[PDB]
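As structure tokens, one chain now follows by itself in the form deposited in one PDB entry.
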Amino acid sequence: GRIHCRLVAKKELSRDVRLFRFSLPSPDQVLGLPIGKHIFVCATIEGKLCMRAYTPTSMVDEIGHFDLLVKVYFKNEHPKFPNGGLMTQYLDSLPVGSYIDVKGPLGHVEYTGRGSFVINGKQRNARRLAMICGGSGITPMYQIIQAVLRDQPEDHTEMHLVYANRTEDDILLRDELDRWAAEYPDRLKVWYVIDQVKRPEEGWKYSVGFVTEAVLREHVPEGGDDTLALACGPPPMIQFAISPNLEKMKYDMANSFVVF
């Protein structure tokens, strides 16, 4: 349930990317966040208590603190969202030493073990996972990815990740993903897509643009049953760019398609 965490440290991974390390009040504990679930960092900004979901990037076994990879939505940055992000600017504003209120565990998805899943109460299993995401929608996915690989080589669940962004300077857990991809070729397949190539000179070898059926066709596995699909991305993307294409790839939308 509710827990009071102090912001122990902050890290600027890039102009708009921070890594915040929060301490739990009892230094001998882990944040027992079951895989597939998130926490709410609650805070009262101005006059309302804001509630935002975040899925930590730290090991399930991390004693004493948990980390959040937060993509800061600054103001004076977007045509349509001129005043930036609420909670993200609030957290970026916090000086280290400050207190935060985490509510958890929330969620409907849980990765109980080996291919096994617990969605909205029901229990299921999968052998091939189709993880399609965009931006920070990667953290929920990176939690399962870390779980499966941790349970290696017994939990040999097959993962196919399609990670979409806008720039190569925007791929979040890149090195981590590249690093794993090299180690567990059999387990995880990684494919990036990017709206633009900031430094094409260096030679971008993945897809350029948006998520297309041609991309899903060659990077997500075949639909059917025993092939689960999980997706966490902005509304329009889940919308236009994903569900129809996966429908076209014969994935039962109901019993086989989930969004975080």
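A residue's number is simply how far along the shown sequence it sits, counting from 1.
Legend entry - Higher-scoring stretch by recorded Cα B factor average, 32 to 40 or 210 to 218: Stretch with the higher mean C-alpha B-factor: 210 to 218.
Inset, instruction - Identify the stretch, either 141 to 149 or 75 to 83, whose C-alpha atoms have the larger mean B-factor according to the entry. - result: The stretch with the larger average C-alpha B-factor is 75 to 83.
Legend entry - Out of 56, 233, 200, 64, residue topping the C-alpha B-factor column of the entry: Comparing C-alpha B-factors across 56, 233, 200, 64, the top value belongs to 200.
Inset, instruction - Just grab whichever of 185, 134, 97, 107 has the top CA B-factor as deposited. - result: Among 185, 134, 97, 107, the highest C-alpha B-factor in the entry belongs to 107.
Legend entry - Ranked against its chain, the third holding the CA B-factor of residue 155: Highest third of the chain for residue 155's C-alpha B-factor.
Inset, instruction - Would you please rank residue 196 by its C-alpha temperature factor against the other modelled residues of its chain and give the third it falls in: lowest, middle or highest? - result: Residue 196: CA B-factor falls in the lowest third of its chain.
Inset, instruction - Within this chain's modelled residues, let me know which third the CA B factor of residue 89 belongs to: lowest, middle or highest. - result: Ranked within chain, residue 89 CA B lands in the middle tercile.
Legend entry - residue 7 - Cα temperature factor, lowest/middle/highest third of chain: Lowest third - that is where residue 7 ends up once the chain's C-alpha B-factors are sorted.
Legend entry - B-factor third for the C-alpha atom of residue 112 within its chain: Middle third.
There is another form of this protein, the form deposited with a small molecule bound, and it is not shown here; the text below is about that form.
Legend entry - Option touching the small molecule, based on a heavy atom within 4.5 Å in the bound PDB entry, out of 128, 189, 166, 174: Only one option qualifies, and that one is 166.
Inset, instruction - Name the stretch: of 134 to 142, 94 to 102, 175 to 183, 151 to 159, exactly one has residues whose heavy atoms fall within 4.5 Å of the small molecule in the bound PDB entry. - result: Partner-contacting stretch among the options: 134 to 142.
Inset, instruction - Please run the contact check for residue 64 against the small molecule in the bound PDB entry: heavy atoms, 4.5 angstroms, yes or no? - result: Output for residue 64 is no: heavy atoms all beyond 4.5 Å of the small molecule.
Inset, instruction - Answer with yes or no whether residue 124 is in contact with the small molecule in the bound PDB entry, where contact means some heavy atom within 4.5 Å. - result: Close contact is absent here: in the bound PDB entry, residue 124 is far from the small molecule, nothing within 4.5 Å, heavy atoms only.
Inset, instruction - Please run the contact check for residue 234 against the small molecule in the bound PDB entry: heavy atoms, 4.5 angstroms, yes or no? - result: Yes, residue 234 sits close enough to the small molecule in the bound PDB entry that at least one of its heavy atoms falls within 4.5 Å.
Inset, instruction - Flag residue 241 as yes or no: does it have a non-hydrogen atom within 4.5 angstroms of any non-hydrogen atom of the small molecule in the bound PDB entry? - result: Residue 241: contacts the small molecule in the bound PDB entry.
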